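We place every Cβ from the backbone using ideal geometry, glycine too, and count neighbours over all the protein chains shown. Since every read-out is calculated from the coordinates, none of them should be taken as a lab result.
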Amino acid sequence: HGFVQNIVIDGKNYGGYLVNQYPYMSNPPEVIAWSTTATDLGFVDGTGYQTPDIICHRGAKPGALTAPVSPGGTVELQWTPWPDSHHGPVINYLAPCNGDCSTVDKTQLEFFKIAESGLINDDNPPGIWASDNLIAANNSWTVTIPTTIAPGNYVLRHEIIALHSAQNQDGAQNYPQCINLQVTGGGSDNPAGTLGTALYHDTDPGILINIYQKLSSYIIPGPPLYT
Ligand SMILES: *[C@@H]1O[C@H](CO)[C@@H](O)[C@H](O)[C@H]1NC(C)=O
Ligand SMILES: [Cu+2]
């Protein structure tokens, strides 16, 4: 359980969607982060993979604001403290807004994977995962925006998948957090994109998995990494 509390871009903080404050406020502030109804600080499990909830989390609506990023710039997402128990991958996608992200139909967004990190070491099962790298970095993740994509407005879909309960059907816990970015620079690629509801299926090999046993490999879920 947790959420993204702050985003650092080009030397300033953009405050996150504080899901334990703003849903209680009823005139809440404009941010680059999507609003959600996930006030339990919880997840979308396999029952929700073909519902709109998987796209940017339960009940999500676009952020009003968009943050500009320098060409090949960093976006640092700062989480609430991630529990060591919640081992699993950290995955990052962009989808083009083709206009103001604040007005997109989330159900039409087509994501391409720009970064993935999975099982790092398995010397002591359940091992060390991208989620453990996030904890070791004091609960932040750094995303480098590619220089090779067409600039424009994009949703960054940033996600931890916790696998501590994932040996059961629908046990994996997805924690997507979306923010609005203005990608800048000279790129031209329009990578093939995947609908939110086709990212994951509840029987995928990196989704329905016992992490407590020795693992020889881990297949990071979702569509193929764009390079
Ligand atoms: C996180 O930062 C705090 C100090 O603010 C420190 O005490 C902690 O050990 C840091 N780093 C890691 C790897 O946990
Ligand atoms: Cu949890």
Just one listed residue, out of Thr197, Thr142, is touching a strand residue (DSSP E or B) at 6+ places or on another chain (Cβ under 7 Å) and not small (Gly, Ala, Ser), and it is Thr142
Wholly inside the stretch 135-217, strands (runs of 3 or more DSSP E) that include 3 or more residues that are buried (at least 18 other Cβ atoms within 10 Å of the Cβ) and away from ligand 1 (no atom under 16 Å from the Cβ) are 152-162, 173-183
Flagged pairs (Cβ under 6 angstrom, 6 or more apart or on separate chains; first in the stretch 1-18, over 21 Å from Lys61 (Cα atoms); second more than 16 Å from ligand 1 (Cβ to nearest atom) and outside any strand (DSSP E or B)) are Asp10/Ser70
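Among the residues of the stretch 83-107, write down those that are more than 16 Å from ligand 2 (Cβ to nearest atom) and without any contact (Cβ under 8 Å) to a residue 60 or more places away in the chain.
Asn98, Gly99, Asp100, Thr103, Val104, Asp105 - these are the residues of the stretch 83-107 that are more than 16 Å from ligand 2 (Cβ to nearest atom) and without any contact (Cβ under 8 Å) to a residue 60 or more places away in the chain.
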A careful count of residues in the stretch 63-81 that are surrounded by fewer than 22 Cβ atoms within 10 Å (Cβ to Cβ), at negative phi and touching a residue at least 40 places away in the same chain (Cβ under 8 Å) gives 12
If we ask which residues in the stretch 21-44 are of a type in the set (S, T, N, Q) and either within 15 Å of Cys56 (Cβ to Cβ) or surrounded by 14 or more Cβ atoms within 10 Å (Cβ to Cβ) (or both), their number turns out to be 4
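For (1) within 16 Å of ligand 2 (Cβ to nearest atom); (2) over 27 Å from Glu76 (Cβ atoms); (3) within 18 Å of the chain's Cα centre (by Cα), each residue gets a yes or a no:
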{"site": "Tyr175", "(1), (2), (3)": "yes, no, yes"}
{"site": "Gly186", "(1), (2), (3)": "no, no, no"}
{"site": "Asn190", "(1), (2), (3)": "no, no, no"}
{"site": "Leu195", "(1), (2), (3)": "no, yes, yes"}
{"site": "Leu199", "(1), (2), (3)": "no, no, yes"}
{"site": "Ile209", "(1), (2), (3)": "no, yes, no"}
{"site": "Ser217", "(1), (2), (3)": "no, yes, no"}
So, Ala150, is that one within 30 Å of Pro68 (Cβ to Cβ) and either in contact with a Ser or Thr (Cβ under 6 Å, 6 or more places away or on another chain) or in contact (Cβ under 8 Å) with a residue 12 or more places away in the chain (or both) or not?
yes
Restricted to the stretch 117-134 and to residues being surrounded by fewer than 19 Cβ atoms within 10 Å (Cβ to Cβ) and of a type in the set (A, V, I, L, M), the residue farthest from ligand 2 (Cβ to nearest atom) is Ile120
When (1) within 15 Å of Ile209 (Cβ to Cβ); (2) without any contact (Cβ under 8 Å) to a residue 60 or more places away in the chain are applied to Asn124, the one that fails is (1)
Across (1) more than 16 Å from ligand 2 (Cβ to nearest atom); (2) surrounded by fewer than 23 Cβ atoms within 10 Å (Cβ to Cβ); (3) of a type outside the set (S, T, N, Q), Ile54 clears everything bar (2)
